[PDB]
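Asks: My questions all concern the structure below.
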Amino acid sequence: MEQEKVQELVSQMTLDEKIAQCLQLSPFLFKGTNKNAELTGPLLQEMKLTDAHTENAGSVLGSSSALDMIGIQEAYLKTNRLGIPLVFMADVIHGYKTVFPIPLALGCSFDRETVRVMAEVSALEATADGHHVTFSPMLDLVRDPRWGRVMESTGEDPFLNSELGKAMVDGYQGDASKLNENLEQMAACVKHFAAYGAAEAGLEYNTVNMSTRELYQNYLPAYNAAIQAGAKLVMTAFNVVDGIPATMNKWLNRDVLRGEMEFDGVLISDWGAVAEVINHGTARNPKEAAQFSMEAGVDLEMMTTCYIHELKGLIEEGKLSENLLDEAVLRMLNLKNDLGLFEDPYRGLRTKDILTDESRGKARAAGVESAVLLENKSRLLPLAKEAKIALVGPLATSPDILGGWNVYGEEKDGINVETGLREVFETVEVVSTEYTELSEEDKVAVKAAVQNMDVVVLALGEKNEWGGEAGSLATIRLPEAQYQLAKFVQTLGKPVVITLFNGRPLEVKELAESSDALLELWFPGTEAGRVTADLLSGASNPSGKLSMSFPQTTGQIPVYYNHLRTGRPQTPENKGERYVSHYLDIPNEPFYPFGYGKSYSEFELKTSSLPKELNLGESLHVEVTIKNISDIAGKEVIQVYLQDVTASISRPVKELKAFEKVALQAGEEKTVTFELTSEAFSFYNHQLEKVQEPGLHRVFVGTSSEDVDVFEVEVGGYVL
Amino acid sequence: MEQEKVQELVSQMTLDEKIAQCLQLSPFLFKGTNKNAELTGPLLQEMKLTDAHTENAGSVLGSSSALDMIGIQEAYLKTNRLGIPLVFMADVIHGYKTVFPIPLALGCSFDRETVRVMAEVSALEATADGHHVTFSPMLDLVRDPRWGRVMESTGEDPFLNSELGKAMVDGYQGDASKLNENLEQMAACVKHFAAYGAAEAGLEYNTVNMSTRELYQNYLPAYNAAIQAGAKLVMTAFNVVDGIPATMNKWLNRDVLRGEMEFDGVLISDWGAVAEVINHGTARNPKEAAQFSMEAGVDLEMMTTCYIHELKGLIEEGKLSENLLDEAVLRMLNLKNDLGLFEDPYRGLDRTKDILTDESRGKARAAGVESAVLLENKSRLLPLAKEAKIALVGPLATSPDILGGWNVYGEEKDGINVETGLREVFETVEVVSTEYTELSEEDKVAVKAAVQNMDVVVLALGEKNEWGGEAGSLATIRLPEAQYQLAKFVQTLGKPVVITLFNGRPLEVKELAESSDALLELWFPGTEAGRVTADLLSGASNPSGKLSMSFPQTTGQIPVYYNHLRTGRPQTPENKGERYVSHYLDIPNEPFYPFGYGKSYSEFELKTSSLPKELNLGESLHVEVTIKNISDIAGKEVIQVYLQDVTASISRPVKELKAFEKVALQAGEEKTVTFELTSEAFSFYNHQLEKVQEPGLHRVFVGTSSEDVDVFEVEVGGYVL
Ligand SMILES: OC[C@H]1O[C@@H](O)[C@H](O)[C@@H](O)[C@@H]1O
Ligand SMILES: OC[C@H]1O[C@@H](O)[C@H](O)[C@@H](O)[C@@H]1O
Ligand SMILES: OC[C@H]1O[C@@H](O)[C@H](O)[C@@H](O)[C@@H]1O
Ligand SMILES: [Mg+2]
Ligand SMILES: [Mg+2]
């Protein structure tokens, strides 16, 4: 419908209707719900909610199905005074029913299109089940793998996360101006604003602190790219940002989000994050929490009642302008409009779209794009279809391969490693073991299965509940039984491939040392076993690269490729000296660096002549010719980094600024060109200006952060 | 001499002498030294230095003795156009020749007098050997025990570090206006400005980053307290502060240090820190390093030559005002003047008499017994009867490496090891010494034999000092693994076990506490370690130290500290076991041992007098504490008072230490102490960098650690005093 009819709706709304429009609730607090009606009475009492509240609530979160939504919406509209329909939101994080690889794994794809297709298939399926908005992408920069939520990020690089973030928004929303028409597309909600992934010591919900310059330089960019790409909503974060809970942080949400980033959509609190400003000790009670959160431009409170119980009194007492509320309601109604709910409150409600063969194939291709081959000694992999396999370990038969933040996908639809492998390989013998134990009986069985076979596939992993939200690990290791199992299997004299399943970087040196190959599958989602089989057999050729550094040990954290030089860099020419930046007990380098990944193919790259000089404001075009010098078809991820050698601020040794995954047949050669605009050469200075300084830059072209050729360019002269 | 002549001296110096005055060199680069003269020619040449340079250099660091100094100063004065003497600086960090406990152990003393005595003794001995300045106190807040340099700090509390830092300055300098009169006193140099201990991942020299509010709230106070207490010098830090190396950080050094902190003394670069801004990538060459460093107000370049090879060109070309140079030189000459070096360039110099005396040694012992921390003592194993038969086993049994890191002048041959220490007090001791990093089958047979005979094991475990200090970073804060196996083995021998731990950082000690009956943390006590150990074990001294740094559950809990924020989902005893709260799946949130924790052989009872329920803004809270030793044994308790601001415009720490006093109490004896928490103690830096006091609720915690406390509420409001 048209904007004046919206604007009118705000004017026609009572104060209480407006307040309640600023409330989001779980599906089973509404009448009409097809599930959990036995939780409804106790919780409605606990939250002190009325029919008046629930009949005028803005939004539902976490409906279980199309029937739940239809049911809640049909009933809500029966008794809603103005017929303002409900907006329905869900966690569609890396798939709805067809589960794709976890987002950290998607990061390792280095493949924008894989990311977009994931998001599109997710939207197609979720819209089919009645949801209007997904709480995705998660755009928190992560340098600390203790934190469970690293599984949700695409890793430690702001540029990669910004690029994959846009791919996700594009995937979920298509053309955002047509969301009222493209009812297979849905609204994306960027989270968590801001800097949540810098949680101190990897401890969930823990303190975050960085200078404002680092916030802008490294922590803000991906949120901003997703916003500029059209993301419809933003969610606040649980953490303090410079002492102040993001949720009630006026500078962050008014000056930065709405001011500088020009975001004019709905800001939704994370779960109870409004009431929780009370725990953080920046509000004395719900009245202050509501006041401060509303001043900050938080439009929709998720599952708490500070607003519904306090906004009226604050407005009536003059402590809070009713203009702020009206602005909030307006943003709510606009989102409903943009979604086309005023014409179809059921947004086209499609079962035939859910869990298709086509989608499953796509999730599988996503899996094979995302896995990272870390070791492959003496060409153990790929295996011949007739290698006799002993498949052992806790991930041999576990159905837990879909990953964390899988709210809707079902393990019964998933394909386990045993099933995947039996499809491909004639002889497979399987000994399954527990996640956290290694019994004598186990060892006897393993020995018996390995004696018979020619290769061990040693499938190790985390349970997914050891990560995700409030899944913090102080020590980033598998249970010790898994390392002992790898130590044991290794003594059996047969070649060993470790298929690792997990949601975070782990200490994997003892795994790499005890095996001939190491394949990092993360959690591939619904087609895990097949993803695994194809890669093992060579039907697919591994092509993923690490989007997050694998530390030598827990105590190296944080370690990350784009680091400062320090005043005493360890060089190769001073290594061994005492007074340089180093540790007594481990290398400075991570066990595996950012951008690292092996292939069954072999490539060579060639960078065309670059200019020696460039003007300020001018783009650097980088041309790369790549050839597959092997007999095997494969993909390579070309990466381009830049360093600013000297600057008014100490600048990272390398920053990723472009990348492209290139598919190549045997013998085949392609050419790609990259534009590094002058923005790539820019940075925030001590005064928070985005600036470009004349001076020397190094450009690195290669296939990891360490496998690169270096070139120099002098920037100066005039500005374009 | 008169300010007026100092002034004149500046007008009378050439440009080249003015520049050289801002250079600091090792002794063996000067004519007249009596050690290492064979390094002089190669190094003078590598640094491109000339007679003109060295003959006019401002300063020496690291002279080896009184004779070194006298030789060098004699030669320099003979050839120096205007007779401007050298100022001689050294690292006198926790003692000169009488080695005292490492500063982290001194922090555990929670004892201001102990710290001042340490410094006074240090100053006595060092002035005796010709040194004018000490590069001490080290006032870097630490939360990361991976970092080697935690040994040099007094811990994770800004208030403790501020208090003790003042005590150090007082001890070294006494009356800072009389340093030209009191020649057994010396100039202190606060370091490292600023925030160097926050190095990322405990990696040496590594990136530091925090919001400016946190800089002010937690990282700056101790530097400021020492400066306000009259520290004569300040040294820059190696790290970036908000992206910019501290040494060329104009805001940090001109605006904060000289502006807000009113510091008008000599600002000395850390070692090579001026040239190293080039490595940090904020200066293209020595010319830029020198310019940016002089703009930032660095007066004295330690052992690099940017200023020396570049200041002239910068000044000549108009890139840099000569007035800055004049200002730097004036501060250099003022310091020399304050040290009385224009009247007496040899600063009172035969004083061997004063070095390593018996009285000083007792002082260091007392410091050691003040600083050790008793962590476990199950069923009163300690103190031991003098007739107890002791199996003394481990790498610290006989190691002479007990003086600690940052001991540049102390000699292990004067130190007392644990064996010698114990043989003085206990009649029966059998000793099985083992290596730091190994445990052989042969060792185990030998340990088994010694333990079967004796009544108790004194299992002495520890770090080499080289595993800490500068560029001694450990990713994993653990002893070598052989030592944990030795503890584990020894526990199976059926006899009671005390572990005497010697180290320079918090370590993972849960396996040590679990494998023994008592655990005594000695850190590195210094020259008298053996005796410090014996007196505490035997009960001639009663342990009384408290932890000034949290001991983590495991390496990956780092950073963990008592003065932490609540978060939005604090783990409470009511929500325990719930999934969605701030917690780890694999460890507790609490450190294994918390700040302010320490056991005693005595036992104490505290009661806080009634506190007002309400307070005006600007008003002090007087806190009166009656403490009673209720046991038969004489001892000290450390009373501790913390404050929390329950609600504020910034999320505030759940607790902050605001006062403390160590109280000596004879058996049965009772005392009353009172503390004033001024309104500054209720104040904090707000998002706009204002120090503010906000009306509202506080909690006051009175007790004997950060966790053993009674809690009281006070409402602040109304009007302002
Ligand atoms: O599921 C609702 C929301 O729950 C919160 O606890 C998480 O922080 C969000 O990422 C999530 O979207
Ligand atoms: O030195 C760089 C600095 O610039 C100053 O102008 C600001 O106050 C600081 O907060 C920032 O860290
Ligand atoms: O000895 C001169 C100086 O050496 C530097 O490496 C240290 O950082 C200082 O703390 C010390 O004072
Ligand atoms: Mg530059
Ligand atoms: Mg308050």
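Starting from 1 in every chain, residues are counted up; chains themselves are A, B, ... following the order of the structure tokens, and ligands are numbered from 1 as listed.
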Please return, as JSON, numbers by chain, all residues of stretch 362-443 of chain A that DSSP assigns to strand (DSSP E or B) on the basis of the backbone.
Replies: {"A": [372, 373, 374, 375, 376, 389, 390, 391, 392, 393, 428, 429, 430, 431, 432]}
Asks: Could you save those same residues with N, CA and C atoms as a JSON list (two decimals), in the first residue's frame?
Replies:
[["chain", "number", "residue", "atom", "x", "y", "z"],
["A", 372, "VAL", "N", 38.49, -27.69, 3.70],
["A", 372, "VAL", "CA", 39.90, -27.29, 3.51],
["A", 372, "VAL", "C", 40.79, -28.47, 3.74],
["A", 373, "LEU", "N", 41.54, -28.78, 2.69],
["A", 373, "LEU", "CA", 42.54, -29.78, 2.75],
["A", 373, "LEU", "C", 43.79, -29.16, 3.42],
["A", 374, "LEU", "N", 44.18, -29.67, 4.58],
["A", 374, "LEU", "CA", 45.27, -29.09, 5.35],
["A", 374, "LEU", "C", 46.56, -29.84, 5.21],
["A", 375, "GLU", "N", 46.46, -31.17, 5.07],
["A", 375, "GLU", "CA", 47.66, -31.98, 4.83],
["A", 375, "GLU", "C", 47.31, -33.03, 3.82],
["A", 376, "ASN", "N", 48.29, -33.41, 3.00],
["A", 376, "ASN", "CA", 48.10, -34.54, 2.08],
["A", 376, "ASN", "C", 49.43, -35.10, 1.73],
["A", 389, "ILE", "N", 38.41, -49.39, 3.06],
["A", 389, "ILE", "CA", 38.42, -48.42, 4.14],
["A", 389, "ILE", "C", 37.99, -48.95, 5.51],
["A", 390, "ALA", "N", 38.89, -48.80, 6.46],
["A", 390, "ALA", "CA", 38.45, -48.76, 7.87],
["A", 390, "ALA", "C", 38.05, -47.31, 8.26],
["A", 391, "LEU", "N", 36.78, -47.12, 8.53],
["A", 391, "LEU", "CA", 36.23, -45.84, 8.90],
["A", 391, "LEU", "C", 36.03, -45.88, 10.43],
["A", 392, "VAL", "N", 36.83, -45.12, 11.19],
["A", 392, "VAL", "CA", 36.73, -45.20, 12.65],
["A", 392, "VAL", "C", 36.59, -43.80, 13.26],
["A", 393, "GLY", "N", 36.00, -43.75, 14.44],
["A", 393, "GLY", "CA", 35.99, -42.56, 15.28],
["A", 393, "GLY", "C", 34.58, -42.13, 15.63],
["A", 428, "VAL", "N", 33.99, -50.97, 2.97],
["A", 428, "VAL", "CA", 34.10, -50.11, 4.15],
["A", 428, "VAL", "C", 33.78, -50.88, 5.37],
["A", 429, "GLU", "N", 34.69, -50.88, 6.32],
["A", 429, "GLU", "CA", 34.43, -51.47, 7.62],
["A", 429, "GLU", "C", 34.48, -50.36, 8.65],
["A", 430, "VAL", "N", 33.55, -50.38, 9.58],
["A", 430, "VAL", "CA", 33.36, -49.23, 10.42],
["A", 430, "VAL", "C", 33.48, -49.55, 11.88],
["A", 431, "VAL", "N", 34.32, -48.83, 12.62],
["A", 431, "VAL", "CA", 34.28, -48.89, 14.08],
["A", 431, "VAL", "C", 34.06, -47.51, 14.64],
["A", 432, "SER", "N", 32.91, -47.39, 15.26],
["A", 432, "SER", "CA", 32.48, -46.15, 15.82],
["A", 432, "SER", "C", 32.96, -46.05, 17.28]]
Asks: Sorted by chain and rising residue number, list the residues of chain A at most 9 Å from ligand 5 (counting only C-alpha atoms and all ligand atoms), each with its closest atom pair and distance in Å to one decimal, as a Markdown table.
Replies:
| residue | atom | partner | partner_atom_place_in_ligand_line | distance |
| --- | --- | --- | --- | --- |
| A:281 | CA | ligand 5 | 1 (Mg) | 8.2 |
| A:282 | CA | ligand 5 | 1 (Mg) | 8.3 |
| A:284 | CA | ligand 5 | 1 (Mg) | 8.8 |
Asks: Output N, CA and C atoms for every residue in that selection, as a PDB file, in the first residue's frame.
Replies:
ATOM      1  N   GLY A 281      24.729  -3.088  34.714  1.00  0.00           N
ATOM      2  CA  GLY A 281      24.795  -1.947  35.643  1.00  0.00           C
ATOM      3  C   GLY A 281      24.813  -0.541  35.019  1.00  0.00           C
ATOM      4  N   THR A 282      24.176  -0.391  33.855  1.00  0.00           N
ATOM      5  CA  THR A 282      23.997   0.892  33.230  1.00  0.00           C
ATOM      6  C   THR A 282      22.484   1.310  33.218  1.00  0.00           C
ATOM      7  N   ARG A 284      19.154   1.195  36.331  1.00  0.00           N
ATOM      8  CA  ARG A 284      18.769   0.795  37.703  1.00  0.00           C
ATOM      9  C   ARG A 284      17.538  -0.102  37.644  1.00  0.00           C
TER      10      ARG A 284
END
Asks: I'd like to know which of A:202, A:221, A:567, A:493 is closest to ligand 3, using only C-alpha atoms and all ligand atoms.
Replies: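 Of all the options, A:567 lies closest to ligand 3.
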Asks: Between chain A and ligand 3, at 12 Å or less, what are the per-residue closest atom pairs and their distances in Å? Count only C-alpha atoms and all ligand atoms, order by chain and rising residue number, and return it as CSV.
Replies:
residue,atom,partner,partner_atom_place_in_ligand_line,distance
A:567,CA,ligand 3,6 (O),11.8
A:568,CA,ligand 3,6 (O),11.0
A:578,CA,ligand 3,6 (O),11.0
A:579,CA,ligand 3,6 (O),8.0
A:580,CA,ligand 3,6 (O),10.4
Asks: I need the residue nearest chain A from this list: B:721, B:273, B:692, B:700. Use only C-alpha atoms for the distance.
Replies: B:273
Asks: Would you list which chain A residues are within 6 Å of chain B using only C-alpha atoms, as a PyMOL selection string?
Replies: chain A and resi 201+204-206+209-211+243-244+276+279-282+470+472-475+555-558+565-567+579+581+583-584+645-650
Asks: Based on DSSP run over this structure's backbone, return all residues of stretch 148-365 of chain B in alpha helix (DSSP H), as a ChimeraX atom specification.
Replies: /B:158-173,212-214,221-228,250,273-276,286-296,306-316,322-338,358-365
Asks: At a cut-off of 9 Å around ligand 1, and using only C-alpha atoms and all ligand atoms, what residues come up? Please write them as a VMD selection string.
Replies: (chain A and resid 61 to 62 89 to 93 134 to 136 138 152 191 to 192 235 to 238 269 to 273 302 405 407 469) or (chain B and resid 580)
Asks: Generate a file of the selected residues that holds C-alpha atoms, formatted as a PDB file, in the first residue's frame.
Replies:
ATOM      1  CA  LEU A  61       9.918 -14.792  16.605  1.00  0.00           C
ATOM      2  CA  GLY A  62      10.570 -18.463  15.983  1.00  0.00           C
ATOM      3  CA  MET A  89      11.201 -13.571  12.143  1.00  0.00           C
ATOM      4  CA  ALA A  90      13.426 -16.612  12.457  1.00  0.00           C
ATOM      5  CA  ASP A  91      17.025 -17.785  12.747  1.00  0.00           C
ATOM      6  CA  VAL A  92      17.857 -18.965   9.248  1.00  0.00           C
ATOM      7  CA  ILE A  93      21.620 -18.956   9.745  1.00  0.00           C
ATOM      8  CA  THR A 134      16.074 -14.043   8.978  1.00  0.00           C
ATOM      9  CA  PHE A 135      18.495 -13.091  11.741  1.00  0.00           C
ATOM     10  CA  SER A 136      21.427 -13.290   9.306  1.00  0.00           C
ATOM     11  CA  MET A 138      26.234 -12.554  11.423  1.00  0.00           C
ATOM     12  CA  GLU A 152      28.567 -17.890  12.742  1.00  0.00           C
ATOM     13  CA  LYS A 191      23.915  -8.812  13.556  1.00  0.00           C
ATOM     14  CA  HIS A 192      25.329  -8.214  16.133  1.00  0.00           C
ATOM     15  CA  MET A 235      20.079  -6.330  15.676  1.00  0.00           C
ATOM     16  CA  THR A 236      21.908  -4.889  18.747  1.00  0.00           C
ATOM     17  CA  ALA A 237      24.639  -6.770  20.553  1.00  0.00           C
ATOM     18  CA  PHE A 238      24.845  -8.155  24.079  1.00  0.00           C
ATOM     19  CA  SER A 269      17.278  -5.832  20.392  1.00  0.00           C
ATOM     20  CA  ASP A 270      18.991  -9.137  20.754  1.00  0.00           C
ATOM     21  CA  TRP A 271      17.189 -11.496  23.120  1.00  0.00           C
ATOM     22  CA  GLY A 272      16.276  -9.663  26.338  1.00  0.00           C
ATOM     23  CA  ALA A 273      19.249  -7.278  25.674  1.00  0.00           C
ATOM     24  CA  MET A 302      12.907  -9.119  21.758  1.00  0.00           C
ATOM     25  CA  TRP A 405      22.544 -22.637  14.803  1.00  0.00           C
ATOM     26  CA  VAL A 407      17.025 -24.375  14.308  1.00  0.00           C
ATOM     27  CA  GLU A 469      25.943 -19.372  21.676  1.00  0.00           C
TER      28      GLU A 469
ATOM     29  CA  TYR B 580      22.719 -18.991  28.572  1.00  0.00           C
TER      30      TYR B 580
END
Asks: For ligand 2, which residue out of B:61, B:123, B:254, B:340 is the nearest one, using only C-alpha atoms and all ligand atoms?
Replies: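 Nearest candidate to ligand 2 out of B:61, B:123, B:254, B:340: B:254.
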Asks: Find, counting only C-alpha atoms, the residue in A:342, A:718, A:30, A:483 that gets nearest to residue A:9.
Replies: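 Comparing A:342, A:718, A:30, A:483 against residue A:9, the winner is A:342.
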Asks: Work out how far apart atom CA of residue A:426 and atom CA of residue A:386 are and give it in Å to one decimal.
Replies: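 If I compute the distance from atom CA of residue A:426 to atom CA of residue A:386, I get 5.8 Å.
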Asks: Write out as an MDAnalysis selection string each polymer residue whose atoms come within 10 Å of residue B:28, counting only C-alpha atoms; drop sequence neighbours fewer than 5 positions from it.
Replies: chainID B and resid 33:41 43:44 60 62:64 68 72
Asks: Include N, CA, C and O atoms and write out the residues we just selected as a PDB file, in the first residue's frame.
Replies:
ATOM      1  N   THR B  33      86.666   3.947  30.473  1.00  0.00           N
ATOM      2  CA  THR B  33      85.911   2.821  31.085  1.00  0.00           C
ATOM      3  C   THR B  33      86.891   1.760  31.479  1.00  0.00           C
ATOM      4  O   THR B  33      87.943   1.677  30.884  1.00  0.00           O
ATOM      5  N   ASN B  34      86.565   0.920  32.447  1.00  0.00           N
ATOM      6  CA  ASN B  34      87.489  -0.177  32.754  1.00  0.00           C
ATOM      7  C   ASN B  34      86.841  -1.538  32.648  1.00  0.00           C
ATOM      8  O   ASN B  34      87.110  -2.432  33.447  1.00  0.00           O
ATOM      9  N   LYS B  35      85.975  -1.670  31.654  1.00  0.00           N
ATOM     10  CA  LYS B  35      85.516  -2.986  31.223  1.00  0.00           C
ATOM     11  C   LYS B  35      85.008  -2.907  29.800  1.00  0.00           C
ATOM     12  O   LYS B  35      84.501  -1.870  29.382  1.00  0.00           O
ATOM     13  N   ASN B  36      85.189  -3.994  29.055  1.00  0.00           N
ATOM     14  CA  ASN B  36      84.773  -4.094  27.635  1.00  0.00           C
ATOM     15  C   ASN B  36      85.420  -3.134  26.623  1.00  0.00           C
ATOM     16  O   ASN B  36      84.896  -2.971  25.498  1.00  0.00           O
ATOM     17  N   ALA B  37      86.561  -2.533  26.950  1.00  0.00           N
ATOM     18  CA  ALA B  37      87.168  -1.611  25.980  1.00  0.00           C
ATOM     19  C   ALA B  37      87.374  -2.267  24.583  1.00  0.00           C
ATOM     20  O   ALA B  37      87.547  -1.556  23.590  1.00  0.00           O
ATOM     21  N   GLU B  38      87.326  -3.599  24.501  1.00  0.00           N
ATOM     22  CA  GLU B  38      87.531  -4.323  23.230  1.00  0.00           C
ATOM     23  C   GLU B  38      86.295  -4.332  22.309  1.00  0.00           C
ATOM     24  O   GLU B  38      86.378  -4.776  21.154  1.00  0.00           O
ATOM     25  N   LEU B  39      85.163  -3.847  22.831  1.00  0.00           N
ATOM     26  CA  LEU B  39      83.921  -3.662  22.057  1.00  0.00           C
ATOM     27  C   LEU B  39      83.781  -2.253  21.501  1.00  0.00           C
ATOM     28  O   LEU B  39      82.974  -2.012  20.632  1.00  0.00           O
ATOM     29  N   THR B  40      84.585  -1.339  22.017  1.00  0.00           N
ATOM     30  CA  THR B  40      84.491   0.094  21.721  1.00  0.00           C
ATOM     31  C   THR B  40      84.665   0.480  20.258  1.00  0.00           C
ATOM     32  O   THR B  40      83.853   1.229  19.696  1.00  0.00           O
ATOM     33  N   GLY B  41      85.764   0.001  19.678  1.00  0.00           N
ATOM     34  CA  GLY B  41      86.133   0.305  18.299  1.00  0.00           C
ATOM     35  C   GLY B  41      85.148  -0.227  17.278  1.00  0.00           C
ATOM     36  O   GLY B  41      84.711   0.521  16.414  1.00  0.00           O
ATOM     37  N   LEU B  43      81.966  -1.077  17.740  1.00  0.00           N
ATOM     38  CA  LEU B  43      80.639  -0.503  17.963  1.00  0.00           C
ATOM     39  C   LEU B  43      80.566   1.001  17.684  1.00  0.00           C
ATOM     40  O   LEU B  43      79.596   1.470  17.051  1.00  0.00           O
ATOM     41  N   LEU B  44      81.555   1.758  18.164  1.00  0.00           N
ATOM     42  CA  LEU B  44      81.659   3.183  17.797  1.00  0.00           C
ATOM     43  C   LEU B  44      81.542   3.284  16.275  1.00  0.00           C
ATOM     44  O   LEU B  44      80.824   4.131  15.739  1.00  0.00           O
ATOM     45  N   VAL B  60      75.193   8.222  30.393  1.00  0.00           N
ATOM     46  CA  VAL B  60      75.621   6.824  30.378  1.00  0.00           C
ATOM     47  C   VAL B  60      74.572   5.980  31.056  1.00  0.00           C
ATOM     48  O   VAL B  60      73.981   6.386  32.076  1.00  0.00           O
ATOM     49  N   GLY B  62      74.236   1.920  32.483  1.00  0.00           N
ATOM     50  CA  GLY B  62      74.799   0.591  32.714  1.00  0.00           C
ATOM     51  C   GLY B  62      76.283   0.551  33.052  1.00  0.00           C
ATOM     52  O   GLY B  62      76.925  -0.454  32.760  1.00  0.00           O
ATOM     53  N   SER B  63      76.830   1.625  33.648  1.00  0.00           N
ATOM     54  CA  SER B  63      78.217   1.614  34.187  1.00  0.00           C
ATOM     55  C   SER B  63      78.330   0.375  35.071  1.00  0.00           C
ATOM     56  O   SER B  63      77.341   0.001  35.746  1.00  0.00           O
ATOM     57  N   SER B  64      79.497  -0.280  35.040  1.00  0.00           N
ATOM     58  CA  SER B  64      79.659  -1.558  35.752  1.00  0.00           C
ATOM     59  C   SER B  64      80.041  -1.397  37.194  1.00  0.00           C
ATOM     60  O   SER B  64      79.851  -2.337  37.936  1.00  0.00           O
ATOM     61  N   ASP B  68      84.441   2.214  37.064  1.00  0.00           N
ATOM     62  CA  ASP B  68      83.979   2.496  35.688  1.00  0.00           C
ATOM     63  C   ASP B  68      83.562   3.965  35.548  1.00  0.00           C
ATOM     64  O   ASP B  68      83.985   4.689  34.642  1.00  0.00           O
ATOM     65  N   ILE B  72      85.357   7.097  33.621  1.00  0.00           N
ATOM     66  CA  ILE B  72      84.663   7.698  32.457  1.00  0.00           C
ATOM     67  C   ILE B  72      84.383   9.191  32.645  1.00  0.00           C
ATOM     68  O   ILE B  72      84.555  10.007  31.713  1.00  0.00           O
TER      69      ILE B  72
END
Asks: Which residues come within 10 Å of residue B:74, counting only C-alpha atoms, excluding same-chain residues fewer than 3 positions away, as a PyMOL selection string?
Replies: chain B and resi 31-33+69-71+77-79+85-86+345-346
Asks: Pull C-alpha atoms from the residues just selected and write them as a CSV table (one decimal), in the first residue's frame.
Replies:
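This went into out_19.csv:
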chain,number,residue,atom,x,y,z
B,31,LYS,CA,87.2,6.9,26.9
B,32,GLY,CA,88.0,6.0,30.5
B,33,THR,CA,85.9,2.8,31.1
B,69,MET,CA,82.1,5.7,36.5
B,70,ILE,CA,85.0,7.6,38.0
B,71,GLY,CA,87.2,6.6,35.1
B,77,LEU,CA,85.3,16.3,32.2
B,78,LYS,CA,88.9,16.6,31.0
B,79,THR,CA,87.9,17.0,27.3
B,85,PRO,CA,79.2,16.2,33.7
B,86,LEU,CA,77.7,12.9,32.6
B,345,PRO,CA,80.3,15.2,39.5
B,346,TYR,CA,81.3,12.1,41.4
Asks: Find the nearest atom pair between each residue of chain A and ligand 2 for residues within 9 Å, count only C-alpha atoms and all ligand atoms, give distances in Å to one decimal, sort rows by chain and ascending number, and present the table as a Markdown table.
Replies:
| residue | atom | partner | partner_atom_place_in_ligand_line | distance |
| --- | --- | --- | --- | --- |
| A:211 | CA | ligand 2 | 12 (O) | 7.7 |
| A:212 | CA | ligand 2 | 10 (O) | 8.5 |
| A:213 | CA | ligand 2 | 12 (O) | 8.3 |
| A:649 | CA | ligand 2 | 2 (C) | 8.4 |
| A:685 | CA | ligand 2 | 2 (C) | 8.4 |
| A:686 | CA | ligand 2 | 2 (C) | 4.8 |
| A:687 | CA | ligand 2 | 4 (O) | 6.1 |
Asks: What is the atom CA of residue A:353 to atom CA of residue A:526 distance in Å?
Replies: 16.0 Å
